[PDB]
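Here the structure is laid out as structure tokens; the discussion comes afterwards.
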Amino acid sequence: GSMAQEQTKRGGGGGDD
Amino acid sequence: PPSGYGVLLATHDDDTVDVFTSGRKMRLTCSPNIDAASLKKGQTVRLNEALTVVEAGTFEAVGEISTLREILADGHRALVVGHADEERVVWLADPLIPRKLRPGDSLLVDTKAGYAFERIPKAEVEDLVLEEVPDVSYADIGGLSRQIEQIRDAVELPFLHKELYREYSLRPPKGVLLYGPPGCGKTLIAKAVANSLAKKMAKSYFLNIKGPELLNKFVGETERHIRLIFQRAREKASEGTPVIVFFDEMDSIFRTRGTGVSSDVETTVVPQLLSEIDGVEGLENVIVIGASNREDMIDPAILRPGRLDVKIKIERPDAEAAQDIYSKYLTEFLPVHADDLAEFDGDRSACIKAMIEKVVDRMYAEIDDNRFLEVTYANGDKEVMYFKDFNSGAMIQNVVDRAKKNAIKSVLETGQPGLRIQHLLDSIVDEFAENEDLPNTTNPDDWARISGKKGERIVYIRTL
Amino acid sequence: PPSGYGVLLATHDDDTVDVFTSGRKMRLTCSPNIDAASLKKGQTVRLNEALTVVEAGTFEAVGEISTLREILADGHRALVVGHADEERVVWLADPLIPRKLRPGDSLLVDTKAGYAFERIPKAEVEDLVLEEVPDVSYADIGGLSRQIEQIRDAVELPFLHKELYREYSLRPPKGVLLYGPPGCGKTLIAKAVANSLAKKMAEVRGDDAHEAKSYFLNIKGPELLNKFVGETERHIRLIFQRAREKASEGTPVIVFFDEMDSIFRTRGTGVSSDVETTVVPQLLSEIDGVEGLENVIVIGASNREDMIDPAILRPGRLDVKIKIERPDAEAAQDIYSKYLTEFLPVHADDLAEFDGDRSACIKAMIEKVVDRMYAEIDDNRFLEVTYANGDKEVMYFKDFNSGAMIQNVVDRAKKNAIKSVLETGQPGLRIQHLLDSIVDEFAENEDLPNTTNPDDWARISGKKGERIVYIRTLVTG
Amino acid sequence: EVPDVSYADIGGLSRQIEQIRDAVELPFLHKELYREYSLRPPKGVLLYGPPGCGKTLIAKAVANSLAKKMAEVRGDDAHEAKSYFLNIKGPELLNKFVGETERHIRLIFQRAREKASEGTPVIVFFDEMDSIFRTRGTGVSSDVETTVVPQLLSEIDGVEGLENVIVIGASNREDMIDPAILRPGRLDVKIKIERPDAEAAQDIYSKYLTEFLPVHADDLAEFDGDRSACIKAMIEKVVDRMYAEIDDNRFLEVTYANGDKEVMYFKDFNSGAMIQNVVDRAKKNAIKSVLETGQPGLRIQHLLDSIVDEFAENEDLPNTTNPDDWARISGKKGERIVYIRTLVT
Ligand SMILES: Nc1ncnc2c1ncn2[C@@H]1O[C@H](COP(=O)(O)OP(=O)(O)OP(=O)(O)O)[C@@H](O)[C@H]1O
Ligand SMILES: Nc1ncnc2c1ncn2[C@@H]1O[C@H](COP(=O)(O)OP(=O)(O)OP(=O)(O)O)[C@@H](O)[C@H]1O
Ligand SMILES: Nc1ncnc2c1ncn2[C@@H]1O[C@H](COP(=O)(O)OP(=O)(O)OP(=O)(O)O)[C@@H](O)[C@H]1O
Ligand SMILES: [Mg+2]
Ligand SMILES: [Mg+2]
Ligand SMILES: [Mg+2]
């Protein structure tokens, strides 16, 4: 019976031009 | 003969235009055939080898799609977010400037040109907020004629002759609160009035949201869900068509903001709804209908006049209302016993009416054959509460279903295609053989209310 | 003639300037018509097939929004980061050397040209804080003359007489707290303040349209709360940065926290939520911190003053505390007069005894309505209250009367009159309709009382001296 | 902008200003004696007390003094002078991504250690660190502090430590502060800011009721134009009225768990901010009277009735004996207070 707060974890992403 | 294409940017007083083509912006002159006044921003223009605009068509239908973040105060630009959270301040085409664009809308854009062409509808946002078509009518509800009249007066009349209200400067009601014992038909009235309003217009939209569905594990999600629901309602009502928002089982969520539950998040959910109804921003054509069998548990701030001002108390059906419900759930087309048909000489309507009258007479009786509960009050007086004080509509439905099941058993055992009155008579007493949730623990709140009506506090409950 | 565009980088005394176009930089001479000194940094120019700078202008187009991190020592270049955490320095344009730049400000940049052109206002604030101007004005509010005068002196007075305040060395209050029982009217006062502020800037200043919308940032109570860490604090900081940058010399900015009774929490309380420990200190530091705001007014509306954190209620943050009380007889008469105007359809039979004097008839009807509503009779007996001392005290409907209830009664009477017109056919409004509406409204609220009801204990137990322990509905049936 | 306040603008705090000067200014004014005695400047300073009692005032006065010192020592550039004071503004370090607030803290402390030059202190002020200050187990909604606190306390003292950087923290909820950070070697000086007494109230009023404020001619008539004497007499009368045990000054009745009864006046819940608000309200009444009647002048009755107006405005704000300040008095009595009732009319 309690609430939570989220911390994100960024995922790798890369593009060319 | 070959001719290219470009994106128009703006117009000039020198009868010159800006065209984006091949990733570069150029200054061009319109051909004498076309008129420079008719040109619009973002419109595709046909070019030539001499770099002269000769014809302008429609807008491009392909490209990237981005989420709208905000509209700049200048009224000609919009900040949007790309797929990888890249933020772009792009021009708005003529069609963009129905309702005005809101944050979260999807726009068809091309980054190199930097224009937003068309608002692309999304199916996910439509599916998130359900809008079903109610089918229950006023005919399906019986024994609540005065309540139907009240809800017609509070909903139907303000939109029937709204010009008369404007002449009288009367504000249409903003909130209706249905309350009463459980199983008395709270949802049916809302569905019926929604269907009637939908048929009355000659267009409306109805939003139904349940109680527990507005609860999330995290914090800050129920409030934004409510905000999105009310934003959708405002978007639908901005055209002027009335919009009905129905909250189901308000007892569970946004209870009393005081003590209430010793451990609940309610203290941060009720005010938001309040701010959505009464605030600096006031909704115009939105009607909020709430239904709760526990009116005392609802937040008094919500029940303040002006928000949910209209208050309707449904009461348990009496003998006449029970007869009306039985007539609603027993039609002429229903098979009947051959003996009864012969007795009535083919008058099927008279047969079913007489059977209904017999059933309702059996249900309402002070004989000790229909004993339900024993109640001892504070004074110590023992009273036998029979079925007459607990005849809910859902109970009548269960009685009819059990009688029909008994009829199926009889026809599969014997073979004669008919329904006996004795089937319903036996189903009346077999209804309470299985619990219908009417009995409860030592001191229920419903029985406390009944005692307050009686004047002596109920202390003892005994099954009979 | 066909022609292209380019971005100006720098100007030289040799009548030659650097222009970036087609992905490359070239040093080209300007046409005789244009003046070299007239051109500025960061503004676009128009070239030709022979690459002659013929026309000037300014750059207003698309571009990746970059987050400004810091300003370098020379003051003409700025470091910005992009979406992919790419850090790069860019020459600042002329219009950016306006309010002083701050870290984290969004900027419009062109990576190929390397110039920052303008600061984009934060999207997290503008799309939500702004609201449409309500029609409510100070005229449409009655029975709160002292409260209206106090809020006027707190908000508008200091900026009308700036020299007088400067002579005494006095500053406008840094916070106003509106509080009272539900339905007594606080959002109405907020609407009046917003309308007055919009009227002041749209006409007396007359800058441009939609500017009055920009001021009076209205934010609902829980809407700042969100499921993340630091997101609510970021929203608060962005709101106060916008307020600080929009606050001018004598031009005020009002931040209205609707439903401040639950201002994200009461600190040190709340089993289900613990966001107070991070949201309350941020707000407490923004207001009256090491660096303080100049011309920003914070206004909050509350129904439970006790549930607000004490550190924010102390003077210096929420200075002027305005209390709204339940209307008495004179205030009830004023409130009724605010709705029963002389423009309603009045029944001829009701005007028969007044010889057509509609105003006198309306005044008499209001007096009769007030007398009926405030009568001390058994019909007006609503509840009985028992306390620790056990003295049974009777509470009438007058103890729960409010402006909202008065408006509801008037609307119900109008609906009854419309029903009578529809059925019988005689037009007009009758006093008996008002009496029937009063009776129905009083009878419809018999199910409101429960085991415990707040908003009245703090007013009853203070005089009685004992806490409310029992509530009973009186004679019915 | 560095605040324009100075140490001369703070009244009623004499020992506290001496302590804050000894923690910061003294070690750098007399480096030779400190080297002789092998003494290093205190690593941390803590300010706490009831709200509105002047913690942020000291925090900004020390920043102004540091800015003036750096201007008169290194150079007249404003940015370099201001760069030696750092402001946290509360929970600014918290970020959505995992492990980014720790990186920000590490960057802050490494830059701070690089800035110090053994003659120039670097001051990092944690404004209302009650958010960061958590006992690592009291979290209910989130426990980002479980990661933030170890990083900060390891940066402060560890195998690689800061030499000449002063960490100043200001707080109102000392109980919520983590015990580890409340340790000698991390917060050496514990300065407690207390609510003003009669002499402190007089000093604060003198700081706010300057002799340059216009005064009504009738008031100066008694003192024959002696502005200073009239103003000090008015201040004495105001402080006597406010700090008086009158039946009109009874504020709250306090009942503890043990059952002891205590009558508390409005003077118990007093602070410098309240005095400033009273003065501002009196000035507002004076300017309103000037506008209405056309005659300039601030009178004593304006102060006298502004006092009662303010006391009536803040006369009712209790909430289930929240131990903001009741903890100390309850410890004096022996048990936590549970019952209170407002003594109004
Ligand atoms: N006139 C009527 N009065 C009461 N109940 C009726 C009536 N007609 C049909 N019913 C039956 O009552 C049942 C309940 O209707 P409804 O959904 O409106 O109330 P409910 O929300 O189920 O009640 P509860 O709040 O106890 O869940 C329906 O299944 C319907 O078959
Ligand atoms: N002079 C007045 N005093 C009180 N109420 C008034 C007055 N004039 C109009 N009203 C009506 O009172 C109603 C309630 O006002 P308002 O919405 O400000 O209450 P509220 O402070 O929002 O209540 P809550 O804080 O419980 O939400 C309004 O709809 C308004 O029409
Ligand atoms: N000698 C003094 N003692 C206390 N307060 C004073 C004094 N002189 C002026 N003040 C006023 O008190 C107000 C509050 O002081 P300060 O901001 O330093 O503490 P605070 O930040 O309110 O404390 P908290 O953060 O606990 O609320 C200031 O606005 C200042 O004008
Ligand atoms: Mg239902
Ligand atoms: Mg309100
Ligand atoms: Mg402070």
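Protein chains in written order, with the authors' numbering: chain G, -1 to 15; chain C, 97 to 193, 211 to 315, 326 to 587; chain F, 97 to 193, 211 to 590; chain E, 245 to 589.
Beta carbons are placed, not taken as given, at the ideal position from N, Cα and C, and that holds for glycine.
Requested in this report: Leaving out five residues on either side along the sequence, give the residues of the same chain with a beta carbon under 7 angstroms from the beta carbon of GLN263 of chain C.
Outcome: Counting from 1 along the second sequence, the entry for residue 263 of chain C is found at position 150. Excluding positions up to five away in sequence, the list reads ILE435.
**Report entry** Neighbouring residues, chain G, relative to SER118 of chain F (Cβ below 7 angstroms)
**Finding:** The sequence position of residue 118 of chain F within the third sequence is 22, counting from 1. The premise fails here: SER118 of chain F is roughly 17 angstroms from chain G at the closest Cβ pair, so nothing lies under 7 angstroms.
Report task. Return the first residue and the last residue of the beta strand (DSSP E) that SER415 of chain E is part of. Result -> Counted from its first residue, the fourth sequence places residue 415 of chain E at position 171. 409 to 415 is the extent of the beta strand (DSSP E) around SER415 of chain E.
Requested in this report: Could you pull the start and end residues of the beta strand (DSSP E) that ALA174 of chain F belongs to?
Outcome: Position 78 of the third sequence, counted from the first residue, corresponds to residue 174 of chain F. Segment 173 to 177, the beta strand (DSSP E) holding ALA174 of chain F.
Requested in this report: My understanding is that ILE544 of chain F touches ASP463 of chain F, with C-beta atoms under 8 angstroms, so please give their C-beta distance in whole angstroms.
Outcome: Translated into the one-based positions of the third sequence, residue 544 of chain F becomes position 431. Translated into the one-based positions of the third sequence, residue 463 of chain F becomes position 350. Confirmed, Cβ separation roughly 6 angstroms.
Report task. Name the one or two DSSP bridge partners that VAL103 of chain C has. Result -> In the second sequence, residue 103 of chain C corresponds to position 7, counting from 1. C:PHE116 and C:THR140.
Query raised in the report: Between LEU257 of chain F and the rest of its own chain, which residues show a CB-CB distance below 8 angstroms, the 5 nearest in sequence each way excluded?
Result: As a position in the third sequence, residue 257 of chain F is number 144, starting the count at 1. The residues are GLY298, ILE302, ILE437 and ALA444.
Report task. Report back the beta-carbon spacing between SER0 of chain G and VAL384 of chain E to the nearest angstrom; my notes put them in contact at under 8 angstroms. Result -> In the first sequence, the residue the question calls residue 0 of chain G occupies position 2. In the fourth sequence, the residue the question calls residue 384 of chain E occupies position 140. The pair is a contact, with the Cβ atoms about 6 angstroms apart (cut-off 8 angstroms).
Query raised in the report: With a cut-off of 8 angstroms, do at least 3 Cβ pairs link the stretch 333 to 343 of chain F to the stretch 391 to 401 of chain C?
Result: yes
Query raised in the report: Mapping DSSP to helix, strand and coil, what is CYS474 of chain F?
Result: Against the third sequence, residue 474 of chain F aligns to sequence position 361. It is helical.
Query raised in the report: Is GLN520 of chain C near ligand 1, going by C-beta to nearest heavy atom under 7 angstroms?
Result: Within the second sequence, residue 520 of chain C is the residue found at index 397, counting from 1. Within the cutoff, so yes.
Report task. From the DSSP output, in three-state form, read off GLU237 of chain C for me. Result -> Indexing the second sequence from 1 puts residue 237 of chain C at position 124. Of the three classes helix, strand and coil, the one that applies to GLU237 of chain C here is helix, per DSSP.
Query - Continuous beta strand (DSSP E) stretch holding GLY288 of chain C: start and end - result: Here residue 288 of chain C corresponds to residue number 175 of the second sequence, with the count starting at 1. Segment 288 to 292, the beta strand (DSSP E) holding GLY288 of chain C.
Query raised in the report: Buried or exposed: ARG279 of chain E, going by 16 or more other Cβ atoms within 10 Å of its Cβ?
Result: Here residue 279 of chain E corresponds to residue number 35 of the fourth sequence, with the count starting at 1. With fewer than 16 other Cβ atoms within 10 Å, it is exposed.
Query raised in the report: In chain order, what residues of the stretch 329 to 358 of chain F put their CB closer than 7 angstroms to some CB of chain G?
Result: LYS340, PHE341 and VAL342
Requested in this report: Determine whether the Cβ of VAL384 of chain E lies closer than 8 angstroms to any Cβ atom of chain G.
Outcome: As a position in the fourth sequence, residue 384 of chain E is number 140, starting the count at 1. True, the Cβ-Cβ gap to chain G drops below 8 angstroms.
Requested in this report: Could you tell me whether the Cβ of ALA322 of chain E comes closer than 8 angstroms to any Cβ of chain F?
Outcome: Translated into the one-based positions of the fourth sequence, residue 322 of chain E becomes position 78. False, the Cβ-Cβ gap to chain F never drops below 8 angstroms.
**Report entry** CA-to-CA distance, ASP553 of chain F to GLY469 of chain F, given in whole angstroms
**Finding:** Numbered from 1 along the third sequence, position 356 holds the residue referred to as residue 469 of chain F. Numbered from 1 along the third sequence, position 440 holds the residue referred to as residue 553 of chain F. Each residue's Cα considered, the two are about 29 angstroms apart.
Query raised in the report: What are the start and end residues of the alpha helix (DSSP H) that includes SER282 of chain F?
Result: One-based indexing of the third sequence puts residue 282 of chain F at position 169. Taken as a continuous stretch (DSSP letters only), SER282 of chain F belongs to no alpha helix (DSSP H), as it is neither H nor E.
Query raised in the report: Ends of the beta strand (DSSP E) at residue 597 of chain F?
Result: Because chain F in this structure spans residues 97 to 590, residue 597 of chain F falls outside the shown range and cannot be described.
Query raised in the report: What does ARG439 of chain F touch in chain E if you count any residue whose Cβ is under 7 angstroms from its own?
Result: In the third sequence, the residue the question calls residue 439 of chain F occupies position 326. Those within 7 angstroms of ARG439 of chain F in chain E number zero; the least Cβ separation is about 16 angstroms.
Report task. Provide the residue(s) that pair with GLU166 of chain C in DSSP beta bridges, ordered along the chain. Result -> As a first step, residue 166 of chain C is located in the second sequence; it is residue number 70 there, counting from the start. DSSP lists C:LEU175 as partners of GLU166 of chain C.
Report task. Can you give me the start and stop residues for the beta strand (DSSP E) that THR586 of chain E sits inside? Result -> Position 342 of the fourth sequence, counting from 1, holds the residue named residue 586 of chain E. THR586 of chain E -> beta strand (DSSP E) spans 581 to 586.
Query raised in the report: Less than 8 angstroms separating the beta-carbons of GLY288 of chain C and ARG430 of chain C?
Result: On the second sequence, residue 288 of chain C is found 175 positions in, with the first residue counted as 1. On the second sequence, residue 430 of chain C is found 307 positions in, with the first residue counted as 1. Cβ atoms of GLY288 of chain C and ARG430 of chain C: closer than 8 angstroms.
Requested in this report: Could you tell me the distance, in whole angstroms, from the CA atom of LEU270 of chain E to the CA atom of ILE448 of chain E?
Outcome: Sequence index remark: in the fourth sequence, residue 270 of chain E carries index 26 (1-based). Sequence index remark: in the fourth sequence, residue 448 of chain E carries index 204 (1-based). Looking at the two C-alpha atoms, the distance is approximately 26 angstroms.
Query raised in the report: In the DSSP assignment, what residue or residues form a beta bridge with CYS126 of chain C?
Result: Start at 1 with the first residue of the second sequence, and residue 126 of chain C comes out as number 30. Paired residues: C:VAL149.
Query raised in the report: Is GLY363 of chain C close to chain F, meaning its C-beta is less than 8 angstroms from at least one C-beta of that chain?
Result: The residue you call residue 363 of chain C lines up with position 240 of the second sequence. Not an interface residue.
Query raised in the report: Is there at least one Cβ from chain F nearer than 8 angstroms to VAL388 of chain C's Cβ?
Result: Looking up residue 388 of chain C in the second sequence gives position 265. Yes, its Cβ sits closer than 8 angstroms to a Cβ of chain F.
Query raised in the report: How would you call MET314 of chain C, buried or exposed, if buried means at least 16 neighbouring beta carbons within 10 angstroms?
Result: The residue you call residue 314 of chain C lines up with position 201 of the second sequence. The residue in question, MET314 of chain C, is exposed, as its Cβ has fewer than 16 Cβ neighbours within 10 Å.
Query - For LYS451 of chain C, the first and last residue of its enclosing alpha helix (DSSP H) - result: As a first step, residue 451 of chain C is located in the second sequence; it is residue number 328 there, counting from the start. Segment 442 to 452, the alpha helix (DSSP H) holding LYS451 of chain C.
Query raised in the report: What does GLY381 of chain C touch in chain F if you count any residue whose Cβ is under 7 angstroms from its own?
Result: Reading the second sequence from its first residue, position 258 is the one you call residue 381 of chain C. What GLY381 of chain C touches in chain F: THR565 and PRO567.
Query - DSSP-derived helix/strand/coil call for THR564 of chain E - result: Residue 564 of chain E sits at position 320 when you count from the first residue of the fourth sequence. Coil.
Report task. Please decide whether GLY(-1) of chain G counts as near chain F, where near means a Cβ-Cβ distance under 8 angstroms. Result -> Counting from 1 along the first sequence, the entry for residue -1 of chain G is found at position 1. Chain F contact via Cβ: present.
Query raised in the report: For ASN514 of chain F, which of helix, strand or coil comes out of DSSP?
Result: Your numbering for residue 514 of chain F matches position 401 in the third sequence. Looking at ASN514 of chain F - three-state DSSP - the assignment turns out to be coil, as it is neither helix nor strand.
Query raised in the report: Does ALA180 of chain C come within less than 8 angstroms of chain G when only Cβ atoms are used?
Result: Within the second sequence, residue 180 of chain C is the residue found at index 84, counting from 1. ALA180 of chain C counts as touching chain G.
Query raised in the report: Counting Cβ pairs, one atom from each stretch, are 3 or more of them under 8 angstroms apart for the stretch 454 to 462 of chain C and the stretch 530 to 544 of chain C?
Result: yes
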